[PDB]
2 protein chains.
Amino acid sequence: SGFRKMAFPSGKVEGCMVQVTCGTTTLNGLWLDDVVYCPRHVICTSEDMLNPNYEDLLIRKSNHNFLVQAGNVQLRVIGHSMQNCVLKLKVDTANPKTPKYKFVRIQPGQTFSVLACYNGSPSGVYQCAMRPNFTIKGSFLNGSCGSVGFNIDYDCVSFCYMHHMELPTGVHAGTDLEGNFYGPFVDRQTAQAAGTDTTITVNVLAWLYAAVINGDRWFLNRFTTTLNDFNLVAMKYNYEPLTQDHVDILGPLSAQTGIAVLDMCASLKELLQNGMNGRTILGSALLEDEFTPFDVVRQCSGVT
Amino acid sequence: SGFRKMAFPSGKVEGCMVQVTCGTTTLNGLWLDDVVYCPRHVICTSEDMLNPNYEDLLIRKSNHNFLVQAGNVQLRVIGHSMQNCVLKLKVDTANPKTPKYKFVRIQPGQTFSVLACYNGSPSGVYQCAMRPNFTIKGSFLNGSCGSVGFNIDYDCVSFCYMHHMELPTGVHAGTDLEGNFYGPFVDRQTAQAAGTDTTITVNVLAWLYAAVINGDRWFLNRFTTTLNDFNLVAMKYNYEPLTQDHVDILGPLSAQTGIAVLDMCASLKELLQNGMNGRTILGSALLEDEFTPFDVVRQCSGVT
Ligand SMILES: Cc1ccncc1NC(=O)Cc1cccc(I)c1
Ligand SMILES: Cc1ccncc1NC(=O)Cc1cccc(I)c1
């Protein structure tokens with residue numbers, strides 16, 4: 001019973017958080033095995049940030065300039081290298097709390113949990129989605145850079161995001177753990193406007209299936225539609241076009257509820273065209289798009 | 001930048017989760033020091049649940065009937081006792097992962113994080129509020145009983161909730177860690193309807209302050225009100241009456257934003273009377289009441 005915006009248990013990630021200081025800048029690092037991963041802008045001063053030449057800035061840095069602290073103990077830095085927009089600090093000690101892990105570059109529409117950190121210490125955990133415009137709508141303040149996004153499959157943590165910056169519009173941009181930004185964003189204090197933040201249609205349908213499973217059914221109607229007819233409505237409302245891959249991914253939810261994907265699309269079509277009329281769905285007065293079909297199945301089945 | 005429904009990092013609690021089995025029932029336990037805490041209905045069969053006599057059922061149970069497993073290793077049970085609606089299983093080993101902790105009985109309107117577990121394994125973490133009718137709107141399936149609610153102050157975990165049951169209305173009831181239910185609920189499969197779920201007014205105002213801090217200001221108006229005038233509106237909309245204690249608790253948010261509490265009440269009054277007119281606040285189309293004034297300050301300052 002019930003449906004919540006649920007994050008993964010953060011323990012395995014908390015054991016990887018460290019504090020990295022270079023000069024006067026302190027941010028978060030991720031310690032996995034004998035490597036600490038952190039945003040390369042840790043080497044920048046506020047003045048450098050307008051147009052930084054990271055290769056030139058990094059020349060003036062030695063291993064001893066990178067202060068890495070895990071809890072209250074200091075890690076010895078024996079190597080440093082820049083991989084895209086991340087720094088990799090080789091330390092002399094493997095993290096004893098290193099979980100089984102992978103680095104994954106997620107697709108827009110996919111969700112993940114963020115462990116927001118400051119000075120290497122966890123402050124909280126929440127669930128995010130990579131927006132179709134490659135931004136994330138997070139909760140981060142100065143000092144949160146280096147906080148990571150991740151998913152967990154039983155005992156394996158798949159790291160997918162590392163926080164780097166806030167855009168002037170209050171949305172967030174970052175990289176995968178290879179240091180490549182999601183989207184066109186660059187790690188410099190410059191005019192970087194975000195593209196259209198469209199709604200993740202397959203996720204809204206998954207959340208509608210979750211609502212039916214949990215008893216909220218008022219929005220079910222007597223109608224059906226086609227992918228092409230639905231997509232005309234989706235375009236008008238800045239929803240992502242629905243494909244047969246999306247319909248296929250909703251198959252288990254359609255099978256569990258007995259509601260054909262195209263019938264659910266027709267409920268969504270009427271919801272887009274007529275609104276909620278002051279009503280709610282799973283305690284929300286808008287269509288929620290940050291639950292994937294996998295999230296709905298996981299939460300509705302209790303995968304640990 | 002940004003505002004999210006954030007849970008505490010769950011690591012300290014994950015290290016306390018164990019599986020408790022008695023006969024054919026398996027649920028979650030909380031292992032702190034040499035004691036495992038779990039819902040006493042672990043001793044019940046589905047038939048017992050209609051009208052169980054826990055004292056009589058517990059007579060037929062010995063220490064060896066309580067199977068306690070921490071990960072893949074078995075704990076030896078050397079004692080058992082019933083305290084209200086919880087069982088306390090004394091084990092021969094102190095939990096080496098026991099964090100600094102307290103047991104607290106929270107007040108309605110207060111928030112906490114839940115680590116949903118199944119078979120002693122964490123599935124996810126989310127933020128809840130104890131509703132004014134003493135229910136929680138969680139996400140729990142069969143096997144989740146014994147999952148706990150908690151708050152964290154730096155290194156101290158204050159446990160406040162232990163999940164016991166789902167009401168026929170899909171809302172959740174449970175106990176504090178002394179086994180006393182929140183509200184009038186009893187641990188038996190019987191007609192237990194919930195009272196009026198009123199809105200936590202002080203929390204909605206705190207969330208309105210969070211919105212102003214984060215840039216969402218469209219709802220600020222040219223009006224003010226009084227506590228008595230505001231409370232006439234609050235009664236009409238099933239909002240909790242606002243007191244001077246609530247105004248005092250909003251003091252830091254009022255000081256940070258420069259918006260007097262009664263002016264914010266007048267914005268809330270107009271929002272209640274006229275609705276959002278298709279607009280959103282912090283990505284929500286309804287007034288959010290599961291952020292306390294302390295939560296807003298914590299999130300907006302980055303307390304770790
Ligand atoms: C202040 C804040 C809030 C949330 N998340 C991150 C930050 N920090 C920054 O963005 C600092 C910064 C400034 C300009 C460019 C770059 I690269 C980094
Ligand atoms: C099925 C479920 C879903 C969510 N949270 C908890 C549960 N489990 C129960 O409530 C089992 C139960 C039944 C009747 C009385 C009692 I005491 C306990």
# chains A, B, ... in the order shown; residues from 1 in each chain; ligands from 1
$ closest_atom_pairs --of "chain A" --to "chain B" --cutoff "9 Å" --atoms "only C-alpha atoms" --output "CSV"
residue,atom,partner,partner_atom,distance
A:1,CA,B:170,CA,5.2
A:2,CA,B:139,CA,4.3
A:3,CA,B:139,CA,5.1
A:4,CA,B:139,CA,5.9
A:5,CA,B:126,CA,6.6
A:6,CA,B:126,CA,5.0
A:7,CA,B:125,CA,5.2
A:8,CA,B:124,CA,4.7
A:9,CA,B:124,CA,5.1
A:10,CA,B:10,CA,5.6
A:11,CA,B:11,CA,3.6
A:12,CA,B:11,CA,7.3
A:13,CA,B:11,CA,8.6
A:14,CA,B:11,CA,6.9
A:15,CA,B:11,CA,8.4
A:115,CA,B:9,CA,7.3
A:116,CA,B:302,CA,8.7
A:117,CA,B:304,CA,7.2
A:118,CA,B:304,CA,6.7
A:119,CA,B:304,CA,8.6
A:121,CA,B:304,CA,5.7
A:122,CA,B:304,CA,5.5
A:123,CA,B:304,CA,4.1
A:124,CA,B:8,CA,4.7
A:125,CA,B:7,CA,5.2
A:126,CA,B:6,CA,5.0
A:127,CA,B:6,CA,8.3
A:137,CA,B:2,CA,6.7
A:138,CA,B:2,CA,5.6
A:139,CA,B:2,CA,4.3
A:140,CA,B:1,CA,5.6
A:141,CA,B:1,CA,5.9
A:142,CA,B:302,CA,8.8
A:143,CA,B:302,CA,8.8
A:144,CA,B:302,CA,8.6
A:166,CA,B:1,CA,7.3
A:169,CA,B:1,CA,8.9
A:170,CA,B:1,CA,5.2
A:171,CA,B:2,CA,7.2
A:172,CA,B:1,CA,8.4
A:214,CA,B:170,CA,8.0
A:215,CA,B:170,CA,8.6
A:280,CA,B:286,CA,9.0
A:283,CA,B:286,CA,8.9
A:284,CA,B:286,CA,7.1
A:285,CA,B:285,CA,5.1
A:286,CA,B:285,CA,5.9
A:298,CA,B:123,CA,8.8
A:299,CA,B:139,CA,8.0
A:300,CA,B:141,CA,7.7
A:301,CA,B:141,CA,7.8
A:302,CA,B:123,CA,6.6
A:303,CA,B:123,CA,5.9
A:304,CA,B:123,CA,4.1
$ select_by_dssp --residues "range 68-286 of chain B" --states "alpha helix (DSSP H)" --output "ChimeraX atom specification"
/B:201-213,227-236,244-249,251-257,261-274
$ closest_residue --among "B:234, B:200, B:49, B:70" --to "ligand 2" --atoms "only C-alpha atoms and all ligand atoms"
B:49
$ closest_residue --among "A:175, A:198, A:243, A:63" --to "ligand 1" --atoms "only C-alpha atoms and all ligand atoms"
A:175
$ closest_residue --among "B:297, B:271, B:204, B:50" --to "ligand 2" --atoms "only C-alpha atoms and all ligand atoms"
B:50
$ atom_distance --atom1 "CA of residue 146 in chain A" --atom2 "CA of residue 47 in chain A"
20.1 Å
$ residues_around --residues "residue 91 in chain B" --least-positions-apart "4" --cutoff "7 Å" --atoms "only C-alpha atoms" --output "MDAnalysis selection string"
chainID B and resid 34:35 75:79
$ residues_around --residues "range 176-183 of chain A" --least-positions-apart "2" --cutoff "8 Å" --atoms "only C-alpha atoms" --output "PyMOL selection string"
chain A and resi 37+39+83-86+103-106+133-135+159-162+173-174+185-186
$ residues_around --residues "range 217-229 of chain A" --least-positions-apart "3" --cutoff "7 Å" --atoms "only C-alpha atoms" --output "PyMOL selection string"
chain A and resi 211-212+232-233+242+262-263+265-267
$ atom_distance --atom1 "CA of residue 191 in chain A" --atom2 "CA of residue 20 in chain A"
27.3 Å
$ atom_distance --atom1 "CA of residue 22 in chain A" --atom2 "atom 10 (O, counted along the ligand's line) of ligand 1"
16.3 Å
$ residues_around --residues "residue 33 in chain B" --least-positions-apart "5" --cutoff "7 Å" --atoms "only C-alpha atoms" --output "count of residues only"
3
